[PDB]
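The structure under discussion appears below in the form of structure tokens.
Start at 1 with the first residue, then count along the sequence.
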Amino acid sequence: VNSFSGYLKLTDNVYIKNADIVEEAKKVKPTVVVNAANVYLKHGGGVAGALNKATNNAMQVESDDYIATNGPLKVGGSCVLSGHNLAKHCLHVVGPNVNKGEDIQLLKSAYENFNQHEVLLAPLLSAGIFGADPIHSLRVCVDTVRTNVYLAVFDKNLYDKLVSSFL
Ligand SMILES: O=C1COc2cc(C(=O)N[C@H]3c4cccc(O)c4C[C@H]3C(=O)O)ccc2N1
């Protein structure tokens with residue numbers, strides 16, 4: 001038993017809710033919150049910008065030190081950093097960004113990072129301002145992640161559509 005509330009059970013291991021991930025992180029304080037990162041860990045907009053703002057820019061400060069030491073991530077890759085005031089850890093995962101011209105096939109590799117954590121609060125990867133089909137992202141999530149994932153979807157009308165179209 002965990003502390004996530006009002007999530008709709010989609011599969012054995014995948015749950016979904018229409019909610020602001022920042023709020024959900026603030027309320028649950030999960031072991032792991034997933035950030036929709038880019039390879040530079042430049043948290044400007046979307047999930048990344050919203051989480052970083054909620055940390056008072058501490059996420060960005062930590063991230064800049066990470067990049068200065070290690071260089072950029074790979075598309076499809078991830079790193080574990082602090083969750084600051086939102087979670088114990090933040091798993092920064094780089095889904096392919098369609099609007100930047102990156103290969104959507106890399107979405108499965110991105111979701112594989114979730115399997116290294118038993119439970120996660122996460123966004124649907126590559127959706128929103130990343131430019132991919134969210135119905136597609138949810139399908140890849142369900143077909144790739146085997147650990148317990150609680151998906152917070154910001155957009156109400158997208159949420160209604162993801163549930164109604166889920167196979
Ligand atoms: O306070 C605030 C205001 O800014 C926010 C923006 C988002 C957001 O852009 N979400 C979408 C997005 C964007 C880029 C990449 C992604 O994988 C996703 C998932 C998708 C969604 O879940 O709808 C979410 C929360 C907040 N919170």
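- The SG atom of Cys90 lies 7.0 Å from the NE2 atom of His43; values are rounded to the nearest 0.5 Å.
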Donor-acceptor pairs are to be reported for all side-chain atoms of residues 17-24 against protein atoms at under 3.5 Å, with residues two or more places apart or in another chain.
{"from": "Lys17", "atom 1": "NZ", "to": "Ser5", "atom 2": "O", "distance (Å)": "3.0"}
{"from": "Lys17", "atom 1": "NZ", "to": "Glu24", "atom 2": "OE2", "distance (Å)": "2.9"}
{"from": "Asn18", "atom 1": "ND2", "to": "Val153", "atom 2": "O", "distance (Å)": "2.9"}
{"from": "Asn18", "atom 1": "ND2", "to": "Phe154", "atom 2": "O", "distance (Å)": "3.2"}
{"from": "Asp20", "atom 1": "OD1", "to": "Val22", "atom 2": "N", "distance (Å)": "3.1"}
{"from": "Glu24", "atom 1": "OE1", "to": "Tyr7", "atom 2": "OH", "distance (Å)": "2.6"}

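- Counting heavy atoms from C-beta on, the side chains of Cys141 and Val149 come closer than 4.5 Å.
- A distance of 8.0 Å separates CG in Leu120 from CZ in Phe4, rounded to the nearest 0.5 Å.
- Contact of the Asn35 side chain with the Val93 side chain is not registered, since no non-hydrogen atoms from C-beta on lie closer than 4.5 Å.
- Defined by atom type and a distance below 3.5 Å, a donor-acceptor pair is present between the side-chain atoms of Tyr150 and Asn2.
- With contacts defined as side-chain heavy-atom distances shorter than 4.5 Å, the pair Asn85/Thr55 qualifies.
- Judged by distance alone, the side chains of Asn52 and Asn57 do bring a donor and an acceptor atom under 3.5 Å apart.
- With rounding to the nearest 0.5 angstrom, the CG atom of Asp143 is 9.5 Å from the OG1 atom of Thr11.
- Here the side chains of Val98 and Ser126 are not in contact, with every heavy-atom distance at 4.5 Å or above.
- Other residues sharing a hydrophobic cluster with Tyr40 under the 4.5 Å side-chain heavy-atom criterion for ILVMFWY residues are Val39, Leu41, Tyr66, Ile67, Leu73, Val75, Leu81, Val94, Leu106.
- Atom CZ of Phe166 sits about 11.5 Å away from atom CD1 of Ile135, to the nearest 0.5 Å.
- Taking the side chain as every heavy atom from C-beta outward, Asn38 and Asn97 never approach each other to under 4.5 Å.
- Put simply, the side chain of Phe130 does not reach to within 4.5 Å of the side chain of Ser137, judged on heavy atoms.
- Counting heavy atoms from C-beta on, the side chains of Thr147 and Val119 never come closer than 4.5 Å.
- How far NE2 of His117 is from OG of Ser78: 6.5 Å, rounded to the nearest 0.5 Å.
- The shortest heavy-atom contact between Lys27 and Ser3 is NZ-O, 4.4 Å.
- The minimum heavy-atom distance between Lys26 and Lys29, with the atom names listed, is O-CG, 4.0 Å.
- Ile16 is listed as a side-chain neighbour of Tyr159, based on a closest heavy-atom distance under 4.5 Å.
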